[PDB]
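Let me begin by presenting the structure, written as structure tokens, before commenting on it.
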Amino acid sequence: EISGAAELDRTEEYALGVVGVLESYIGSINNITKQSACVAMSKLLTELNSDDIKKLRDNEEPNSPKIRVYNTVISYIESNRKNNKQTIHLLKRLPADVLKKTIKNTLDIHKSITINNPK
């Protein structure tokens with residue numbers, strides 16, 4: 001093991017905080033308001049495209065169980081394009097207990113496309 005000082009470490013700016021807010025909310029480590037979590041998630045989708053999910057989904061059988069969870073994501077992405085207002089409303093009518101699951105399924109996709117390769 002070694003540590004030749006900080007190599008690139010091209011830290012632009014803590015890499016935004018959109019994800020940071022959600023992590024704190026679902027992390028239960030702090031007291032983030034559902035409003036701050038939903039709005040944040042909205043900027044998150046901007047990255048995850050519907051067509052992108054289809055690809056990841058295709059990796060499964062055309063009748064697999066993961067089809068429902070992945071399919072659900074499409075409803076959120078497509079909705080954002082139709083009206084970002086509905087995206088926040090959907091999470092509002094849903095309980096924070098189910099909400100946390102929705103946020104996870106969203107971050108789970110982001111981690112799949114994890115670019116770069118930092119130590």
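Quick note on naming: the chains in the structure tokens go A, B, ... in the order shown, residues restart at 1 in each chain, and ligands are numbered from 1 in order of appearance.
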Considering only C-alpha atoms, return as a PyMOL selection string whatever protein or nucleic-acid residues lie within 7 Å of residue 50 (chain A), sequence-local ones (same chain, fewer than 6 positions apart) excluded.
chain A and resi 74+77-78
If we count only C-alpha atoms, what is near region 91-96 of chain A at a cut-off of 10 Å, once residues fewer than 6 positions away on the same chain are taken out, given as a ChimeraX atom specification?
/A:26,34-35,37-38,76,102-103
A:29, A:51, A:42, A:19 ranked by distance to residue 111 (chain A), top pick (using only C-alpha atoms)
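Selected residue with least distance to residue 111 (chain A): A:19.
Using only C-alpha atoms, the smallest distance between any of A:57, A:4, A:40, A:62 and residue 84 (chain A) comes from A:40.
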Where in region 19-78 of chain A does DSSP assign helix (DSSP H, G or I), given as an MDAnalysis selection string?
chainID A and resid 19:27 34:45 50:58 66:78
A:99, A:88, A:41, A:69 ranked by distance to residue 21 (chain A), top pick (using only C-alpha atoms):
A:41
Ranking A:44, A:9, A:52, A:98 by minimum distance to residue 22 (chain A) and counting only C-alpha atoms, which one comes first?
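Selected residue with least distance to residue 22 (chain A): A:44.
Pairwise distance (CA of residue 14 (chain A), CA of residue 31 (chain A)) equals 20.4 Å.
CA of residue 47 (chain A) is found 10.2 Å from CA of residue 113 (chain A).
Proximity of A:33, A:24, A:3, A:106 to residue 73 (chain A), computed with only C-alpha atoms, is greatest for A:106.
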Expressed in Å, the length from CA of residue 15 (chain A) to CA of residue 117 (chain A) is 14.6 Å
